[PDB]
Amino acid sequence: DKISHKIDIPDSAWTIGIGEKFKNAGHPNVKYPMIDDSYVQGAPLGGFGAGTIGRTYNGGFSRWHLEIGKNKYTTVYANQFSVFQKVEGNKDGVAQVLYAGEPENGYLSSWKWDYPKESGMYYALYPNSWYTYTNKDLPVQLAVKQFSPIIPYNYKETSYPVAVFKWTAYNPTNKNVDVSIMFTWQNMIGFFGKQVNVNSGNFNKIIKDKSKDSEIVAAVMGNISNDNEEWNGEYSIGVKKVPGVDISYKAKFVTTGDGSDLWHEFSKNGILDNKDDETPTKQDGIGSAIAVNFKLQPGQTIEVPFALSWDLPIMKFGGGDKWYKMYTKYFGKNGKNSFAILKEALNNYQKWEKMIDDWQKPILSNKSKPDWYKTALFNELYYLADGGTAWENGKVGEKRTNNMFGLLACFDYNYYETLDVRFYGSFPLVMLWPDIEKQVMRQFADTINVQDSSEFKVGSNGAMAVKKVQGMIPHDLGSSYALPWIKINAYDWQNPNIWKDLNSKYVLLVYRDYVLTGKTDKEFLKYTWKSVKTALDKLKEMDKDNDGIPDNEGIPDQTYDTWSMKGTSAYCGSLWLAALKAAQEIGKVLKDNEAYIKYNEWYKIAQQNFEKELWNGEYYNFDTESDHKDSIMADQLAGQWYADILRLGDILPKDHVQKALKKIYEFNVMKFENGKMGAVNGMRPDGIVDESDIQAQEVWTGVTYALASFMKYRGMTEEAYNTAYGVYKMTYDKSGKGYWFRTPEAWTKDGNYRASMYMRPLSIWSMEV
Ligand SMILES: OC[C@H]1O[C@@H](O[C@H]2[C@H](O)[C@@H](O)[C@H](O[C@H]3[C@H](O)[C@@H](O)[C@H](O)O[C@@H]3CO)O[C@@H]2CO)[C@H](O)[C@@H](O)[C@@H]1O
Ligand SMILES: [Ca+2]
């Protein structure tokens with residue numbers, strides 16, 4: 001490997017061999033069907049709300065999130081980079097697709113597949129990833145840096161449906177070598193959203209944009225239809241000329257054929273026919289190819305940028321609503337703008353790289369933090385783009401000031417902005433994209449007094465319940481299968497209108513968003529204040545026995561939605577205390593004296609009773625009325641965790657908090673698989689895992705990262721990082737279970753998982769407050 005010195009890959013990048021087999025991979029641990037796309041994954045390309053494309057460590061474009069809210073894992077074999085090299089003096093050169101695999105059928109059989117093992121590495125530090133190619137049959141060593149412009153405090157480039165592939169080529173040998181790099185792409189219009197005639201009318205055109213000191217050559221892969229539908233738009237690939245490279249292209253090759261129409265050209269001398277051909281296809285799949293060819297002398301390096309864009313302006317959800325995607329603000333809505341997007345990227349990618357470096361540098365340059373922590377901190381952010389992210393710029397047909405936003409809990413449980421989850425998972429948004437965060441919270445504020453008296457069957461028990469109760473915060477803002485933002489509470493496993501955590505978490509999120517954006521946004525507090533008061537007042541009515549605390553009802557009535565709580569729980573009780581303290585402080589800021597007094601009075605009574613009921617001398621009991629009331633819960637002091645972040649002080653005595661956290665580390669971490677797998681949710685005081693429910697026997701990745709943050713704030717530095725380390729290890733390490741770029745909600749002691757591609761572990765960003 002002589003190419004690594006010519007590029008700049010951070011030491012904290014996650015690494016794997018191209019073509020590496022992983023032996024230890026985990027699988028779902030539930031009895032119902034659940035997504036398992038394998039460990040062949042990579043960092044995604046694409047902006048927020050753009051639809052994303054997962055290119056894996058083997059080189060394939062395989063995890064398709066272009067249909068917003070859906071996860072489709074299938075390798076589109078035509079989509080590749082390929083290389084040709086010929087040493088000056090030799091009769092023939094060699095050509096190789098840069099993909100460690102081959103197609104399942106006979107399409108593209110002429111291409112040279114099966115990029116060999118031990119011949120290159122993949123690296124990722126989101127939003128960047130890299131591949132190096134160090135192959136004994138390729139005298140010139142190559143590397144590519146690929147990324148999308150995901151940039152904190154930037155809501156423009158961050159939305160773009162574009163990727164840059166910045167290639168570096170170096171000749172360490174003593175002979176001249178002719179080199180070509182070719183990008184191939186299938187015209188994917190009709191890949192989704194088209195019920196019949198899936199390729200019909202697809203056509204490819206070539207754009208040559210020549211001005212002084214800029215030449216771009218691009219293929220635009222579209223359809224003859226000017227219809228404005230979810231399926232229609234354009235893909236583009238292209239390259240920018242640099243000194244010493246020539247560009248060649250082929251507008252149309254057949255993807256549903258042997259591929260020799262293209263490959264016979266490329267494999268000969270690395271130069272394509274430059275054949276334009278706009279003839280639309282009927283049944284056959286078609287694609288385009290863009291190549292560069294150059295000669296490298298001994299010791300010479302060259303850099304050349306390619307790009308990919310996709311202009312698919314309309315997202316459709318299963319309930320029938322069609323919305324424009326956010327990026328259409330910047331490029332238009334007609335779906336004929338892929339070239340404009342591509343050109344912006346090719347002309348500005350160097351600036352974007354520097355903007356990315358500028359945001360990563362403060363963390364990367366901090367030599368007190370271990371590399372593994374940096375690996376996790378950056379790579380967990382993949383989910384902000386990959387989580388079915390929806391970001392609208394108008395309903396099709398029907399303008400507003402604001403752009404509604406939603407991130408899925410996950411794909412298996414297809415619910416937008418699940419509030420009990422975002423309490424953990426929304427830290428990157430408040431810290432890095434706060435205008436999105438505040439918009440999402442205003443979305444929740446607007447739902448508080450919505451009433452929907454229609455009934456649904458509760459999954460856990462079969463009982464009928466009212467969809468949405470006035471004054472109760474919704475579980476979620478809908479499903480991609482139905483009507484995001486319009487029909488809330490798509491979740492039906494339990495009835496969220498009787499949950500004891502949603503209303504408190506809502507208030508805590510509101511105050512969090514004020515505190516972590518500088519305690520200056522009084523208008524945000526004003527917008528949400530009525531809903532905050534309503535939320536707390538409604539939750540107070542669920543206090544059955546006048547101890548000042550809402551009563552859990554002996555069913556799962558909170559985020560641990562198969563784990564029953566009864567009476568006063570440490571979890572919901574602490575959240576309630578913290579929410580009351582936050583509302584007191586908002587009351588002070590907004591000069592609402594009567595609210596301050598009321599919530600101060602409720603807080604004092606509740607605090608006193610919480611302590612009496614639950615403090616056992618070593619930790620806080622799980623609850624007051626369950627069979628396993630004395631279980632040690634990892635998340636027992638969640639309210640105090642948020643209180644630390646919100647600077648609300650001691651809701652519980654410092655001594656007791658420290659004892660409880662030490663107990664959790666000693667038991668839930670260190671007595672669970674030697675502390676190498678995170679914090680198990682429930683442990684009995686005899687040191688055996690609580691078996692009352694499956695969720696007690698799970699480590700929740702987001703709960704564990706949040707607990708690490710809590711320990712860190714409380715000065716338990718070793719415990720904090722050791723606790724978080726087990727989550728990193730299981731996700732990323734060779735000794736783990738292969739969950740990179742699909743971090744699950746949970747795993748059991750065997751390492752097998754529940755709900756890959758999950759929002760909650762974005763809580764690792766709470767470790768940076
Ligand atoms: O909907 C999201 C929630 O799902 C919970 O899992 C439940 C599944 O949604 C549900 O389909 C499954 O159904 C069981 C059924 O209860 C049982 O009687 C039958 O024999 O088998 C079905 C599965 O084939 O139940 C599970 C719970 O066990 C998650 O647990 C929850 O966290 C999530 O939010
Ligand atoms: Ca009570």
# chains A, B, ... in the order shown; residues from 1 in each chain; ligands from 1
call {"tool": "residues_near_ligand", "arguments": {"ligand": "ligand 1", "cutoff": "9 Å", "atoms": "only C-alpha atoms and all ligand atoms", "output": "list in words"}}
result
residues 30, 31, 32, 33, 412, 413, 414, 415, 459, 460, 461, 491, 492, 493, 494, 559, 560, 561, 562, 694, 695, 754 and 755 of chain A
call {"tool": "residues_near_ligand", "arguments": {"ligand": "ligand 2", "cutoff": "8 Å", "atoms": "only C-alpha atoms and all ligand atoms", "output": "NGL selection string"}}
result
:A and (542-551 or 567-568)
call {"tool": "write_last_selection", "arguments": {"atoms": "N, CA, C and O atoms", "output": "JSON list (two decimals), in the first residue's frame"}}
result
[["chain", "number", "residue", "atom", "x", "y", "z"],
["A", 542, "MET", "N", -53.33, 11.37, 35.69],
["A", 542, "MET", "CA", -53.03, 9.94, 35.79],
["A", 542, "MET", "C", -52.44, 9.51, 37.13],
["A", 542, "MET", "O", -52.11, 8.35, 37.32],
["A", 543, "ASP", "N", -52.30, 10.45, 38.07],
["A", 543, "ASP", "CA", -51.96, 10.13, 39.45],
["A", 543, "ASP", "C", -53.22, 9.57, 40.11],
["A", 543, "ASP", "O", -54.13, 10.32, 40.40],
["A", 544, "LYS", "N", -53.25, 8.26, 40.34],
["A", 544, "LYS", "CA", -54.42, 7.56, 40.91],
["A", 544, "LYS", "C", -54.57, 7.69, 42.43],
["A", 544, "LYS", "O", -55.68, 7.56, 42.95],
["A", 545, "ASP", "N", -53.47, 7.92, 43.14],
["A", 545, "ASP", "CA", -53.46, 7.79, 44.61],
["A", 545, "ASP", "C", -52.97, 9.05, 45.34],
["A", 545, "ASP", "O", -52.62, 8.99, 46.52],
["A", 546, "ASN", "N", -52.96, 10.18, 44.63],
["A", 546, "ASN", "CA", -52.53, 11.47, 45.17],
["A", 546, "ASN", "C", -51.15, 11.49, 45.86],
["A", 546, "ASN", "O", -50.95, 12.24, 46.81],
["A", 547, "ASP", "N", -50.18, 10.71, 45.36],
["A", 547, "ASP", "CA", -48.77, 10.88, 45.78],
["A", 547, "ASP", "C", -48.02, 11.93, 44.92],
["A", 547, "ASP", "O", -46.82, 12.15, 45.12],
["A", 548, "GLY", "N", -48.74, 12.56, 43.98],
["A", 548, "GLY", "CA", -48.20, 13.63, 43.13],
["A", 548, "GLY", "C", -47.50, 13.14, 41.86],
["A", 548, "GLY", "O", -46.93, 13.95, 41.14],
["A", 549, "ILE", "N", -47.56, 11.84, 41.60],
["A", 549, "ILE", "CA", -46.81, 11.21, 40.50],
["A", 549, "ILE", "C", -47.80, 10.37, 39.67],
["A", 549, "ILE", "O", -48.60, 9.62, 40.23],
["A", 550, "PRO", "N", -47.76, 10.49, 38.32],
["A", 550, "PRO", "CA", -48.60, 9.57, 37.53],
["A", 550, "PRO", "C", -48.32, 8.10, 37.83],
["A", 550, "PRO", "O", -47.18, 7.72, 38.13],
["A", 551, "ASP", "N", -49.37, 7.28, 37.80],
["A", 551, "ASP", "CA", -49.26, 5.85, 38.07],
["A", 551, "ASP", "C", -49.11, 5.05, 36.77],
["A", 551, "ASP", "O", -50.00, 5.10, 35.91],
["A", 567, "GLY", "N", -47.45, 1.50, 39.32],
["A", 567, "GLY", "CA", -47.32, 2.47, 40.40],
["A", 567, "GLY", "C", -46.36, 3.57, 40.03],
["A", 567, "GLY", "O", -46.42, 4.10, 38.91],
["A", 568, "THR", "N", -45.47, 3.91, 40.95],
["A", 568, "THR", "CA", -44.45, 4.93, 40.69],
["A", 568, "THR", "C", -43.23, 4.20, 40.18],
["A", 568, "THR", "O", -42.72, 3.31, 40.86]]
call {"tool": "atom_distance", "arguments": {"atom1": "CA of residue 344 in chain A", "atom2": "CA of residue 223 in chain A"}}
result
22.5 Å
call {"tool": "residues_around", "arguments": {"residues": "residue 519 in chain A", "least_positions_apart": "3", "cutoff": "12 Å", "atoms": "only C-alpha atoms", "output": "PDB file with N, CA and C atoms, in the first residue's frame"}}
result
ATOM      1  N   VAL A 510     -38.490  20.125  24.618  1.00  0.00           N
ATOM      2  CA  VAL A 510     -38.669  21.558  24.431  1.00  0.00           C
ATOM      3  C   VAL A 510     -37.603  22.349  25.205  1.00  0.00           C
ATOM      4  N   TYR A 511     -37.443  22.059  26.492  1.00  0.00           N
ATOM      5  CA  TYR A 511     -36.509  22.850  27.300  1.00  0.00           C
ATOM      6  C   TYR A 511     -35.063  22.584  26.853  1.00  0.00           C
ATOM      7  N   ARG A 512     -34.765  21.325  26.549  1.00  0.00           N
ATOM      8  CA  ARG A 512     -33.475  20.977  25.965  1.00  0.00           C
ATOM      9  C   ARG A 512     -33.121  21.839  24.755  1.00  0.00           C
ATOM     10  N   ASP A 513     -34.083  22.004  23.852  1.00  0.00           N
ATOM     11  CA  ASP A 513     -33.843  22.685  22.602  1.00  0.00           C
ATOM     12  C   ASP A 513     -33.604  24.178  22.808  1.00  0.00           C
ATOM     13  N   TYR A 514     -34.220  24.739  23.852  1.00  0.00           N
ATOM     14  CA  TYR A 514     -33.902  26.101  24.297  1.00  0.00           C
ATOM     15  C   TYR A 514     -32.508  26.203  24.915  1.00  0.00           C
ATOM     16  N   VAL A 515     -32.174  25.290  25.814  1.00  0.00           N
ATOM     17  CA  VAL A 515     -30.883  25.367  26.532  1.00  0.00           C
ATOM     18  C   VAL A 515     -29.677  25.136  25.616  1.00  0.00           C
ATOM     19  N   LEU A 516     -29.753  24.094  24.798  1.00  0.00           N
ATOM     20  CA  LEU A 516     -28.645  23.730  23.929  1.00  0.00           C
ATOM     21  C   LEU A 516     -28.491  24.589  22.685  1.00  0.00           C
ATOM     22  N   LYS A 522     -36.592  32.699  22.953  1.00  0.00           N
ATOM     23  CA  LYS A 522     -37.818  32.900  23.717  1.00  0.00           C
ATOM     24  C   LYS A 522     -39.068  32.652  22.839  1.00  0.00           C
ATOM     25  N   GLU A 523     -38.973  32.984  21.557  1.00  0.00           N
ATOM     26  CA  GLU A 523     -40.085  32.753  20.622  1.00  0.00           C
ATOM     27  C   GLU A 523     -40.432  31.265  20.507  1.00  0.00           C
ATOM     28  N   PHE A 524     -39.415  30.401  20.544  1.00  0.00           N
ATOM     29  CA  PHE A 524     -39.646  28.932  20.549  1.00  0.00           C
ATOM     30  C   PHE A 524     -40.374  28.498  21.816  1.00  0.00           C
ATOM     31  N   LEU A 525     -39.943  29.011  22.974  1.00  0.00           N
ATOM     32  CA  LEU A 525     -40.637  28.749  24.230  1.00  0.00           C
ATOM     33  C   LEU A 525     -42.070  29.293  24.188  1.00  0.00           C
ATOM     34  N   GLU A 585     -38.871  26.516  35.088  1.00  0.00           N
ATOM     35  CA  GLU A 585     -37.907  27.431  34.495  1.00  0.00           C
ATOM     36  C   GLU A 585     -38.465  28.144  33.278  1.00  0.00           C
ATOM     37  N   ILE A 586     -39.240  27.446  32.447  1.00  0.00           N
ATOM     38  CA  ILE A 586     -39.886  28.130  31.316  1.00  0.00           C
ATOM     39  C   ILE A 586     -40.845  29.215  31.836  1.00  0.00           C
ATOM     40  N   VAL A 589     -38.894  32.234  32.676  1.00  0.00           N
ATOM     41  CA  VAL A 589     -38.457  32.950  31.471  1.00  0.00           C
ATOM     42  C   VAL A 589     -39.599  33.747  30.838  1.00  0.00           C
ATOM     43  N   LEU A 646     -29.930  19.923  30.850  1.00  0.00           N
ATOM     44  CA  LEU A 646     -30.737  21.136  30.850  1.00  0.00           C
ATOM     45  C   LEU A 646     -30.279  22.123  31.931  1.00  0.00           C
ATOM     46  N   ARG A 647     -29.285  21.736  32.736  1.00  0.00           N
ATOM     47  CA  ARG A 647     -28.770  22.550  33.841  1.00  0.00           C
ATOM     48  C   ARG A 647     -29.853  22.899  34.878  1.00  0.00           C
TER      49      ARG A 647
END
call {"tool": "closest_residue", "arguments": {"among": "A:327, A:185, A:710, A:126", "to": "residue 291 in chain A", "atoms": "only C-alpha atoms"}}
result
A:185
call {"tool": "residues_around", "arguments": {"residues": "range 471-477 of chain A", "least_positions_apart": "6", "cutoff": "8 Å", "atoms": "only C-alpha atoms", "output": "short mmCIF file (atom, residue, chain, number, x, y, z; two decimals) with C-alpha atoms, in the first residue's frame"}}
result
data_model
loop_
_atom_site.label_atom_id
_atom_site.label_comp_id
_atom_site.auth_asym_id
_atom_site.auth_seq_id
_atom_site.Cartn_x
_atom_site.Cartn_y
_atom_site.Cartn_z
CA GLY A 406 -39.24 13.44 9.82
CA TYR A 415 -43.07 5.43 12.38
CA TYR A 416 -41.82 9.01 11.90
CA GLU A 417 -40.28 10.91 14.80
CA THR A 418 -41.29 8.45 17.51
CA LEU A 419 -41.12 10.85 20.43
CA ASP A 420 -40.18 8.33 23.15
CA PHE A 444 -45.41 18.05 18.00
CA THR A 447 -50.67 18.03 17.64
CA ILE A 448 -51.27 18.46 21.39
CA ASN A 449 -54.99 19.30 21.19
CA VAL A 450 -55.78 17.20 18.10
CA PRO A 484 -46.64 11.35 7.43
CA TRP A 485 -47.40 14.64 9.25
CA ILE A 486 -51.13 14.30 8.48
CA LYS A 487 -52.24 11.07 10.21
CA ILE A 488 -50.39 10.80 13.50
CA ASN A 489 -50.13 7.80 15.89
CA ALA A 490 -49.58 5.15 13.22
CA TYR A 491 -48.14 2.97 16.01
CA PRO A 496 -49.85 5.82 23.39
CA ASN A 497 -52.65 8.06 24.72
CA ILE A 498 -52.16 6.44 28.14
CA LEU A 502 -44.48 10.91 26.21
CA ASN A 503 -45.87 14.07 27.79
CA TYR A 506 -42.03 16.31 25.18
CA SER A 531 -48.71 22.63 24.84
CA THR A 534 -51.40 21.10 28.70
CA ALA A 535 -49.06 18.12 28.55
CA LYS A 538 -53.05 15.98 31.55
#
call {"tool": "residues_around", "arguments": {"residues": "range 378-395 of chain A", "least_positions_apart": "6", "cutoff": "8 Å", "atoms": "only C-alpha atoms", "output": "short mmCIF file (atom, residue, chain, number, x, y, z; two decimals) with N, CA and C atoms, in the first residue's frame"}}
result
data_model
loop_
_atom_site.label_atom_id
_atom_site.label_comp_id
_atom_site.auth_asym_id
_atom_site.auth_seq_id
_atom_site.Cartn_x
_atom_site.Cartn_y
_atom_site.Cartn_z
N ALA A 43 -21.17 3.35 4.36
CA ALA A 43 -21.68 4.68 4.65
C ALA A 43 -22.57 5.15 3.49
N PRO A 44 -23.75 5.73 3.77
CA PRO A 44 -24.63 6.18 2.67
C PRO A 44 -24.18 7.45 1.96
N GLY A 46 -25.93 10.76 -0.22
CA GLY A 46 -27.19 11.49 -0.35
C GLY A 46 -27.49 12.35 0.85
N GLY A 47 -28.13 13.48 0.59
CA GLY A 47 -28.49 14.42 1.61
C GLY A 47 -29.76 14.11 2.36
N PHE A 48 -30.04 14.93 3.38
CA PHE A 48 -31.28 14.79 4.17
C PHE A 48 -32.51 15.01 3.29
N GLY A 49 -33.41 14.03 3.29
CA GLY A 49 -34.64 14.12 2.52
C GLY A 49 -34.46 13.89 1.03
N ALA A 50 -33.25 13.54 0.59
CA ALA A 50 -32.95 13.37 -0.83
C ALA A 50 -33.26 11.98 -1.35
N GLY A 51 -33.46 11.04 -0.43
CA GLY A 51 -33.31 9.62 -0.72
C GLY A 51 -31.82 9.31 -0.68
N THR A 52 -31.44 8.19 -0.08
CA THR A 52 -30.02 7.83 0.01
C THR A 52 -29.73 6.53 -0.69
N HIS A 65 -32.49 3.56 -0.54
CA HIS A 65 -33.49 4.29 0.25
C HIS A 65 -34.07 5.45 -0.58
N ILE A 68 -38.77 7.06 -0.33
CA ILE A 68 -38.62 7.61 1.02
C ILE A 68 -39.44 6.82 2.02
N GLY A 69 -38.76 6.28 3.03
CA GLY A 69 -39.39 5.43 4.03
C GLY A 69 -39.24 3.93 3.82
N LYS A 70 -38.69 3.52 2.67
CA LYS A 70 -38.52 2.11 2.33
C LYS A 70 -37.04 1.76 2.28
N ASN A 71 -36.75 0.49 2.57
CA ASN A 71 -35.40 -0.04 2.52
C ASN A 71 -35.41 -1.20 1.53
N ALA A 124 -14.37 4.27 6.51
CA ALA A 124 -15.49 5.19 6.66
C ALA A 124 -15.40 6.07 7.90
N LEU A 125 -15.59 7.36 7.69
CA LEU A 125 -15.81 8.31 8.79
C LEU A 125 -16.84 9.31 8.29
N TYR A 126 -18.10 8.93 8.46
CA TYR A 126 -19.26 9.63 7.89
C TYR A 126 -19.16 11.16 8.10
N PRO A 127 -19.36 11.98 7.05
CA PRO A 127 -19.97 11.61 5.76
C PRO A 127 -19.01 11.13 4.67
N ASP A 321 -50.46 10.84 -0.42
CA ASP A 321 -49.88 12.19 -0.46
C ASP A 321 -48.57 12.18 -1.22
N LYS A 322 -48.39 13.21 -2.03
CA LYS A 322 -47.18 13.46 -2.79
C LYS A 322 -46.63 14.81 -2.34
N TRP A 323 -45.33 14.83 -2.04
CA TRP A 323 -44.63 16.01 -1.55
C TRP A 323 -43.37 16.24 -2.36
N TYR A 324 -42.97 17.50 -2.53
CA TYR A 324 -41.66 17.79 -3.10
C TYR A 324 -40.59 17.63 -2.03
N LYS A 325 -39.42 17.17 -2.45
CA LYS A 325 -38.28 17.02 -1.53
C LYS A 325 -37.56 18.36 -1.35
N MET A 326 -36.90 18.48 -0.20
CA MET A 326 -36.31 19.77 0.22
C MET A 326 -35.40 20.39 -0.84
N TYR A 327 -34.55 19.58 -1.47
CA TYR A 327 -33.56 20.11 -2.41
C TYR A 327 -34.19 20.86 -3.58
N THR A 328 -35.46 20.57 -3.87
CA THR A 328 -36.15 21.26 -4.97
C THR A 328 -36.22 22.78 -4.75
N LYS A 329 -36.08 23.22 -3.50
CA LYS A 329 -35.95 24.64 -3.21
C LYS A 329 -34.81 25.29 -3.98
N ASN A 403 -40.64 23.88 6.48
CA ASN A 403 -40.43 22.65 5.71
C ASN A 403 -40.50 21.52 6.72
N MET A 404 -41.58 20.76 6.69
CA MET A 404 -41.75 19.69 7.69
C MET A 404 -40.70 18.60 7.49
N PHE A 405 -40.32 17.95 8.59
CA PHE A 405 -39.21 17.00 8.63
C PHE A 405 -39.61 15.78 9.42
N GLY A 406 -39.07 14.63 9.03
CA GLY A 406 -39.24 13.44 9.82
C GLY A 406 -38.18 12.39 9.57
N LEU A 407 -37.70 11.82 10.67
CA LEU A 407 -36.78 10.69 10.69
C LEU A 407 -37.53 9.48 11.26
N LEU A 408 -37.41 8.32 10.61
CA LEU A 408 -38.03 7.09 11.11
C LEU A 408 -37.40 6.60 12.39
N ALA A 409 -38.20 5.99 13.25
CA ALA A 409 -37.65 5.19 14.35
C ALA A 409 -36.74 4.08 13.81
N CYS A 410 -37.26 3.37 12.81
CA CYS A 410 -36.53 2.38 12.01
C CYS A 410 -37.43 1.94 10.86
N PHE A 411 -37.00 0.96 10.08
CA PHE A 411 -37.77 0.47 8.93
C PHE A 411 -38.76 -0.61 9.32
N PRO A 428 -28.07 14.70 17.76
CA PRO A 428 -27.36 15.33 16.64
C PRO A 428 -28.16 16.47 16.00
N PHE A 741 -23.30 0.57 10.19
CA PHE A 741 -24.28 1.23 9.32
C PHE A 741 -25.66 0.59 9.35
N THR A 743 -26.97 0.06 13.05
CA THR A 743 -26.99 -0.11 14.50
C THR A 743 -28.41 -0.40 14.94
N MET A 757 -30.94 -0.66 11.94
CA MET A 757 -31.16 0.69 11.37
C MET A 757 -32.12 1.50 12.25
N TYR A 758 -31.64 1.84 13.44
CA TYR A 758 -32.47 2.39 14.50
C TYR A 758 -32.06 3.80 14.91
N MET A 759 -33.03 4.64 15.25
CA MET A 759 -32.75 6.05 15.58
C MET A 759 -32.06 6.25 16.94
N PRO A 761 -29.65 5.00 18.93
CA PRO A 761 -28.19 5.14 19.18
C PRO A 761 -27.54 6.43 18.66
N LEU A 762 -28.28 7.27 17.94
CA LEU A 762 -27.82 8.66 17.72
C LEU A 762 -27.60 9.42 19.04
N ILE A 764 -25.52 8.75 21.16
CA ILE A 764 -24.06 8.92 21.40
C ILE A 764 -23.66 10.42 21.39
#
call {"tool": "residues_around", "arguments": {"residues": "residue 134 in chain A", "least_positions_apart": "5", "cutoff": "9 Å", "atoms": "only C-alpha atoms", "output": "ChimeraX atom specification"}}
result
/A:1-3,118-121,139-143
call {"tool": "write_last_selection", "arguments": {"atoms": "N, CA and C atoms", "output": "JSON list (two decimals), in the first residue's frame"}}
result
[["chain", "number", "residue", "atom", "x", "y", "z"],
["A", 1, "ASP", "N", 0.84, -1.24, 0.00],
["A", 1, "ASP", "CA", 0.00, 0.00, 0.00],
["A", 1, "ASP", "C", 0.86, 1.27, 0.00],
["A", 2, "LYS", "N", 1.03, 1.86, -1.19],
["A", 2, "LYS", "CA", 1.73, 3.15, -1.37],
["A", 2, "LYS", "C", 0.77, 4.32, -1.65],
["A", 3, "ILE", "N", -0.53, 4.04, -1.76],
["A", 3, "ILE", "CA", -1.54, 5.06, -2.10],
["A", 3, "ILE", "C", -2.02, 5.79, -0.85],
["A", 118, "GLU", "N", -7.87, -9.36, -0.38],
["A", 118, "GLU", "CA", -6.56, -8.86, 0.06],
["A", 118, "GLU", "C", -5.91, -7.89, -0.91],
["A", 119, "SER", "N", -6.74, -7.11, -1.60],
["A", 119, "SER", "CA", -6.27, -6.22, -2.65],
["A", 119, "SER", "C", -6.81, -4.82, -2.51],
["A", 120, "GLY", "N", -7.18, -4.43, -1.29],
["A", 120, "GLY", "CA", -7.78, -3.12, -1.09],
["A", 120, "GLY", "C", -8.57, -3.06, 0.19],
["A", 121, "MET", "N", -8.82, -1.84, 0.63],
["A", 121, "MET", "CA", -9.48, -1.57, 1.91],
["A", 121, "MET", "C", -10.59, -0.56, 1.72],
["A", 139, "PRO", "N", -0.45, -2.13, -11.56],
["A", 139, "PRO", "CA", 0.75, -1.40, -11.14],
["A", 139, "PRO", "C", 0.48, 0.00, -10.60],
["A", 140, "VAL", "N", -0.52, 0.69, -11.14],
["A", 140, "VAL", "CA", -0.91, 1.99, -10.62],
["A", 140, "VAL", "C", -1.91, 1.75, -9.49],
["A", 141, "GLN", "N", -1.62, 2.34, -8.34],
["A", 141, "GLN", "CA", -2.48, 2.22, -7.17],
["A", 141, "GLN", "C", -3.49, 3.35, -7.21],
["A", 142, "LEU", "N", -4.73, 3.04, -6.80],
["A", 142, "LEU", "CA", -5.82, 3.98, -6.88],
["A", 142, "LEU", "C", -6.51, 4.05, -5.54],
["A", 143, "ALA", "N", -7.09, 5.22, -5.29],
["A", 143, "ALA", "CA", -7.97, 5.43, -4.15],
["A", 143, "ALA", "C", -9.07, 6.39, -4.54]]
call {"tool": "residues_around", "arguments": {"residues": "range 253-256 of chain A", "least_positions_apart": "3", "cutoff": "12 Å", "atoms": "only C-alpha atoms", "output": "count of residues only"}}
result
50
call {"tool": "select_by_dssp", "arguments": {"residues": "range 374-442 of chain A", "states": "strand (DSSP E or B)", "output": "PyMOL selection string"}}
result
chain A and resi 390-395+405-406+408+416
call {"tool": "write_last_selection", "arguments": {"atoms": "C-alpha atoms", "output": "PDB file, in the first residue's frame"}}
result
ATOM      1  CA  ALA A 390     -38.476  13.059   4.776  1.00  0.00           C
ATOM      2  CA  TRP A 391     -38.080  16.819   4.354  1.00  0.00           C
ATOM      3  CA  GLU A 392     -40.830  18.501   2.353  1.00  0.00           C
ATOM      4  CA  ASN A 393     -40.892  21.594   0.142  1.00  0.00           C
ATOM      5  CA  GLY A 394     -44.629  21.640  -0.552  1.00  0.00           C
ATOM      6  CA  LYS A 395     -47.474  19.236  -1.204  1.00  0.00           C
ATOM      7  CA  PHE A 405     -39.206  17.002   8.628  1.00  0.00           C
ATOM      8  CA  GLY A 406     -39.244  13.435   9.819  1.00  0.00           C
ATOM      9  CA  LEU A 408     -38.029   7.089  11.114  1.00  0.00           C
ATOM     10  CA  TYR A 416     -41.824   9.010  11.902  1.00  0.00           C
TER      11      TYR A 416
END
call {"tool": "atom_distance", "arguments": {"atom1": "CA of residue 115 in chain A", "atom2": "CA of residue 61 in chain A"}}
result
15.0 Å
call {"tool": "closest_residue", "arguments": {"among": "A:219, A:432, A:508, A:376", "to": "residue 155 in chain A", "atoms": "only C-alpha atoms"}}
result
A:432
call {"tool": "select_by_dssp", "arguments": {"residues": "range 167-383 of chain A", "states": "helix (DSSP H, G or I)", "output": "ChimeraX atom specification"}}
result
/A:260-269,328-331,338-364,371-379,382-383
call {"tool": "decode", "arguments": {"residues": "range 559-569 of chain A", "atoms": "C-alpha atoms", "output": "CSV table (one decimal), in the first residue's frame"}}
result
chain,number,residue,atom,x,y,z
A,559,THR,CA,-41.0,3.3,25.6
A,560,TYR,CA,-40.2,-0.2,27.0
A,561,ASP,CA,-43.4,-1.2,25.3
A,562,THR,CA,-43.3,-4.9,26.3
A,563,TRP,CA,-42.0,-4.3,29.9
A,564,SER,CA,-44.7,-3.5,32.4
A,565,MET,CA,-44.4,-0.8,35.1
A,566,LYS,CA,-46.9,-0.4,38.0
A,567,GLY,CA,-47.3,2.5,40.4
A,568,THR,CA,-44.4,4.9,40.7
A,569,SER,CA,-41.6,3.9,38.4
